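# my sequence and its experimental structure, below.
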Amino acid sequence: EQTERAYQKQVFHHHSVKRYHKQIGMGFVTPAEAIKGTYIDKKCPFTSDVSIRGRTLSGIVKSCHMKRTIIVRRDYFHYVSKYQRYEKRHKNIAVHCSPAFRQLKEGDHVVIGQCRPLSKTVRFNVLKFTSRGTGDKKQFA
Amino acid sequence: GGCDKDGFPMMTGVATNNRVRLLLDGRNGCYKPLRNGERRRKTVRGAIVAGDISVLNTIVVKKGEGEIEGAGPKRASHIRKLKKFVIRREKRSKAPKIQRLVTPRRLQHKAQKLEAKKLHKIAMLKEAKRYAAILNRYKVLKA
Amino acid sequence: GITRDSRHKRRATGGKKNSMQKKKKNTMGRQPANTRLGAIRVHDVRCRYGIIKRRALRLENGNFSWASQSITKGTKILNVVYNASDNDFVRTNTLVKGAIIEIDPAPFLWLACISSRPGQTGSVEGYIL
Amino acid sequence: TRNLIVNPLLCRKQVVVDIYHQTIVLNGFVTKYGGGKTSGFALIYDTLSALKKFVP
Amino acid sequence: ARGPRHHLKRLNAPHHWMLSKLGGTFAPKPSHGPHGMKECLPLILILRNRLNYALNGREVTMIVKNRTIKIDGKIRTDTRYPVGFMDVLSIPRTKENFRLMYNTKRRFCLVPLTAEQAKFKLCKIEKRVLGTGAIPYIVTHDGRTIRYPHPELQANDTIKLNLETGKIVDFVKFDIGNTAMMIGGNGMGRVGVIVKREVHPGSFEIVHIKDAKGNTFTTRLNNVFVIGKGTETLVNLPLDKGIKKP
Amino acid sequence: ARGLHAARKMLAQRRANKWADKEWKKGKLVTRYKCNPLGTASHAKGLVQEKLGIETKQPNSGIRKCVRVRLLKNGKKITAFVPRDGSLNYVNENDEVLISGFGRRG
RNA sequence: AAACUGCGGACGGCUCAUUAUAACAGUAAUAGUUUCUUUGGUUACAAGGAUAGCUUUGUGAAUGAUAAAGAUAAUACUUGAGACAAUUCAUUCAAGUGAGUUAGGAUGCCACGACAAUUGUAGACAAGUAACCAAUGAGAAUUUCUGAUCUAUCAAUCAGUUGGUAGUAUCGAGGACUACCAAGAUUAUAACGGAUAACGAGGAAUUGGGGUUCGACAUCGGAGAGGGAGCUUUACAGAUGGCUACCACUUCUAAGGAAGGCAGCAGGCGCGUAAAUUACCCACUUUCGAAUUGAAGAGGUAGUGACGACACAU
RNA sequence: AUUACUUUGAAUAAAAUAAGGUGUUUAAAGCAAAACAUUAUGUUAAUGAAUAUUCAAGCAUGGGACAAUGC
């Protein structure tokens, strides 16, 4: 929890120190691991001061090799007017994943939501995750 | 101070003694910024007066009317220093507009200004006090 | 001047970015003013929209606060003993947020960690560990 | 003639004079093909002071 | 552009001013104030075209600067003052008290009023916030920050304002039994009855408005403007009575 | 590849197969500004430096008069026909001549 | 009149070199920032110095050139009262909104701290000012999602590069920058690179349908002022009909030195197949200003005009 | 359980396109005007096209046949 040069403390820290956890908006239940958990994260949507604004997307988790941050691949179809046919496409989105989802792994469908720019590319935040099958390499966050 | 053989102000700050090609501007007093932030880097003259300085006109100097070749009070705390004691001048006597002795047009400055101002401020306080007073019915019955 | 746009960085794919326009004042940066330890000296920087930032160049005193006793008292800072980011800040005693500074408890009669932005607000304010 | 508008603020009357063949304004006249009928706007400023001041 | 603009090209002007495309290069840019750029009719356009008092801008400045216009209770002397919604306009010299309401043709209309009914004007609350020192206040659609309000004056109600006094006369809540006038898009300038408001947490609040003739048309909550209570109008509706003919 | 989702190949097939167009490829690849003595110009101004007589093709006998013209932009040399009958007499040397293609597009 | 002071020249006008997910179009966020003008509202019968126009003496060929001395004003520059607000930090109580240790209140020190020490005698009533809340803002600026032409004689690319923590800087998020730690990020769904005679869109030409080609140019968005760079002023400029230096040019010269930036309007040279008057007026539209009055090569009028379009002689 | 598909909207700068009206002598045009009160009066608070759209995305909703993604 405290394995760094500076003291790791929550953005909203108070005595009774307490554990602070707000809840995000349109019907996303806060996970249990973020209530009793002792992790510290200033970018977690539940236990920090990052909102969840308009845009909301979904995709398949592909890469879980960066610290508390994952890559979400969205597959869709693009329509070409001349041929009246579709074509497969994809766009990778780098999204933050708080330690509240310990069981998240590569290949699991995840619902993500917009927040303020947290990095050069990271602008979305993980909201909920549904697990899927195994592929011989269980790579967790 | 003085000019130069080519009629050039001996840039004071620049304690040199030679036409000083340098950022010329109001700062130097040898140029007027034509436009916004217009510092016309230009030659001038070194403060130190010397060899080729024509006109001299004030190094350590005074009137000496150069040498080359090498109206009254009109405010009134200051008019006092020296109404009836103002220094007029000359068939169209045109004494200046006196200011700050009480500024004898103090009838206007009392008709307006403080009494015309404090009356409204002391007024506005009561409604400020009264309007908050009728907000005691804000939560007395709503809650 | 120092710039803060992303037009000078590489893409997420590693590809270089090809410029289109010159520098602009919106993304203007400014030189750091490492507030060392010494006599009082601040400068008023005229930022955007006319607002004024107090740029503390050197400071000696700060209004430290004690959380337990609910008391805030002025004190003279002694020595910067720890910086979580750069150990070279300790050698030069540069005052930045989060710097662990030891102070004399002369008015405390009645170790510190800074919690203000001296280079932005213009003074040192902290608390007692 | 045609439409008349009463303007007190400009102290004038805006009337479209139809011709069926120092206090007035005569402008904006356009006839028909080969002459004949001609239309126009008539502005009356009553007071000479209006014409003395209310003119571009 | 390095800063705020000052000119307005004729074709970039809002469509609901009906400016001739060959009239001229520029259009009168409405100065800032109570009403937005696209929600207001500049005072010059009200007199040159709607009322035809002044033929050109030479004769518009000769009027507004002559203290001959009283926007709301106060008097304005700005040639391009933003004259927006039902904020009353009065000319004491000609003894007429107009009002700028909408109509079914997406256009600002000058509804004539009597002297008595021109002394008041309806406002729509935009938000209510608590000031420092616990001094609550509300903001109307005219940008007015009214002082200590009624405790029940919530975000999206409608209040009655007085020009002479400045107090709040009557207030209408936002419910499913009220008459509303439309300030929006397709439904712009239509009167009706609020019957249903379906809520989506994400982006917008959608309100179904039933017309007098049984026509039902939906809209966004922003465009709704309550005009009365219990199928009653507090002001004289325009000539078409807020009715739309298919 | 007629499938519903097969618009990627349906499009790549047309991009590649359009380069076999002898005429479409001509107006797209970069030789009109290098190989063409005219460029995109409708006409051209040049200087005369030789008068030529070209013998006709096999089913004809005669001498089609011509000139050798050097332009002012490229500097290349081009053989130019003389339009009408007896028009070689009116031509001279070191004079401006306007040169405008022929009936067929280059 | 002139001068100081205030406001403006950051709008308008021109051009299309740069630019290939950059810009731009629709869309969404700013609970991640925000001024100027304008609007609603809230918060000692009077002090102090100097300065221009003014006078006088001058220089230099000269610029919209500049020197000394003698004075004289403020709604220019300051002190000071008539008695809070807003900023930072630490602690704490807590109701709208989809959602906030959130608006807001309470405690303790720190910085800042006013409602001109103001103006008409006539158009008590105006007028003016300093901060702070809300509007104007759908505005500006960053940012989310989707969308672009040809090329594989371009198949692997990136090292502040991808992420984390602390700080720094900014109006503000952010590797934007710095220190430490990890090895990550993109790619056959075409990454990276190359070409463009590439500014993007609304749109134009032609079309039975499907489409193909075009768009510098009315309007909107972007960028630039010979080429880069660096800055001052102010609310907004990395301004160039502002300044500094270097690179490259042009002009005056008393030979000592000095200014200049027509991708503004006319006009000239050159270039080419290829393109108009060195005219008049702010009266229409609108903008700027101390404001009904001045200015505007914006705008209008006039001249040239077989680019085009409409009706119509012999 | 989502997506895709399809139907309604919401929202959506103008100019331009199609288009409604209107005798600029017709037409291109312009959004002006006039049947008329034989006109100051009223028609008149006159007309301003609903102007329809607009592809690829984005929001909501009615339907689940044809398709896609794992349990």
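All right, it came through fine. Numbers count the residues shown, from 1 in each chain, chains lettered A, B, ... in the order given.

# dump the residue contacts of residue 54.
Assuming you mean chain A. The contact partners of residue A:54, by CB atoms under 8 Å, 6 or more residues apart in numbering or on different chains, come to A:114, E:202-203. C-beta here means a position set from N, CA and C on the backbone, and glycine is covered the same way.

# actually, chain D is the one I wanted.
Applying CB under 8 Å, 6+ apart to residue D:54 gives the contacts D:10-12, D:45, E:59, E:62.

# emit the ChimeraX select command for whichever of the residues you listed are buried.
Buried subset of the contacts of residue D:54, written as a ChimeraX selection, criterion 16 or more other CB atoms under 10 Å in any protein chain shown:
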select /D:10,12,45 /E:59,62
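
# residues contacting residue 25?
No chain specified, so I'll use chain A. Applying CB under 8 Å, 6+ apart, the residues near residue A:25 are A:52, E:201.

# hmm, no, I was thinking of chain F.
F:18-19.

# one more pass at 7 Å, please.
residue F:19 (CB atoms under 7 Å, 6 or more residues apart in numbering or on different chains).

# thinking again about what came up before, inside strands: which ones of the contacts of residue D:54?
Cross-referencing those against strands under DSSP state E gives residue D:12.

# out of the contacts of residue D:54, which touch RNA strand G?
residue E:62 (CB under 7 Å from any atom of the strand).

# nearest to residue C:86 among the contacts of residue D:54?
If you rank those by distance to residue C:86 using CB to CB, residue E:62 comes first, at 69.8 Å.

# any idea how far the closest one lies from residue D:56?
Distance, residue E:62 to residue D:56, by CB to CB, to the nearest Å: 10 Å.

# how about residue A:105?
From residue A:105 to residue D:56 the distance is 80 Å (CB to CB).

# of those two, give the one with the bigger neighbour count.
Higher neighbour count among residue A:105 and residue D:56: residue A:105, with 20 against 8, using other CB atoms under 10 Å in any protein chain shown.

# which residue is the nearest non-sequential neighbour of the more buried one?
Excluding the flanking residues, the one nearest residue A:105 by CB to CB, 6 or more residues apart in numbering or on different chains is residue A:140, at 5.0 Å.

# now do the same contact list for residue 125.
Reading this off chain A. By CB under 7 Å, 6+ apart, residue A:125 lies in contact with A:45, A:50, A:52, A:95-96, A:112-113, A:115.

# please go with chain E instead
Residue E:125 neighbours (CB under 7 Å, 6+ apart): E:138, E:140, E:153, E:155-157, E:159.

# now residue A:59
By CB under 7 Å, 6+ apart, residue A:59 lies in contact with A:72-74, A:93, A:110.

# show me what the helix or strand residue E:44 falls within is in contact with.
Residue E:44 is located in helix E:43-45, with elements delineated by DSSP states H and E. Residues lying outside helix E:43-45 but in contact with it, judged by CB under 7 Å, 6+ apart, are E:17, E:28, E:57, E:60, E:64, E:69, E:78-81, E:83.

# most neighbours, which of those?
Counting neighbours by other CB under 10 Å, residue E:83 comes out on top of the contacts of helix E:43-45 with 26 neighbours.

# so what's the residue nearest to the spatial centre of chain D up against?
For chain D, the residue nearest the mean C-alpha position is residue D:42 (1.1 Å; CA atoms, centre = their mean). Contacts here follow CB under 7 Å, 6+ apart; on that basis residue D:42 touches D:15, D:17, D:24, D:26.

# what subset of the residues you listed is buried?
Among the contacts of residue D:42, those classed as buried by 16+ other CB under 10 Å are D:15, D:17.

# nearest to RNA strand H, of the contacts of residue D:42?
residue D:15 (6.4 Å; CB to the nearest atom of the strand).

# neighbours of residue E:100, how many?
21.

# what do you get for the one 4 residues further on?
Residue neighbour count, defined by other CB under 10 Å, stands at 19 for residue E:104.

# mind jotting down where the strands sit in chain D?
Under DSSP E, chain D gives strands at D:4-7, D:12-19, D:24-31, D:38-44.

# so does stretch E:5-19 get close to RNA strand G?
Yes. Using CB under 7 Å from any atom of the strand, stretch E:5-19 reaches RNA strand G at E:5-12.

# so which of these are also by RNA strand H?
Within those, those near RNA strand H by CB under 7 Å from any atom of the strand are E:11-12.

# farthest pair in the residues of stretch E:5-19 next to RNA strand G?
Greatest spatial distance in these: E:6 and E:11, 17.0 Å, computed using CB to CB.

# higher neighbour count, those two?
Neighbours were counted for residue E:6 and for residue E:11 using other CB under 10 Å; residue E:11 has more, 10 against 6.

# what's the closest non-adjacent residue to the more buried one?
Nearest one to residue E:11, counting by CB to CB, 6+ apart, is residue E:21 at 6.8 Å.

# so how many other residues sit close to that neighbour?
Neighbour count of residue E:21, defined by other CB under 10 Å: 7.

# which of the contacts of residue D:54 sits closest to residue E:97?
residue D:10 (19.8 Å).

# do you know how far that closest one is from residue C:25?
Distance of residue D:10 to residue C:25, computed by CB to CB: 49 Å.

# around RNA strand G, pick out the residues from chain D.
Near RNA strand G, when you scan chain D using CB under 7 Å from any atom of the strand, you find residue D:56.

# in chain D, what residue sits furthest out from the centroid?
Outermost residue of chain D (CA atoms, centre = their mean): residue D:34, 23.3 Å.

# separation between that one and chain E?
Per CB to the nearest CB, to the nearest Å, residue D:34 is found 27 Å from chain E.

# where is the longest strand in chain C?
Longest strand in chain C, counting residues (DSSP E): strand C:71-82.

# contacting residues for the closest residue to residue D:3 other than its chain neighbours?
Closest residue to residue D:3 apart from its sequence neighbours, by CB to CB, 6+ apart: residue D:16 at 5.5 Å. Residues in contact with residue D:16 (CB under 7 Å, 6+ apart) are D:1-3, D:39, D:41.

# closest to residue A:100 among these?
Nearest to residue A:100 among those, with distances taken as CB to CB, is residue D:3, at 75.8 Å.

# count the residues that sit near the residue in chain B that RNA strand H sits nearest to.
Residue nearest to RNA strand H within chain B: residue B:36 (33.8 Å; CB to the nearest atom of the strand). Number of residues near residue B:36 (other CB under 10 Å) recorded here: 5.
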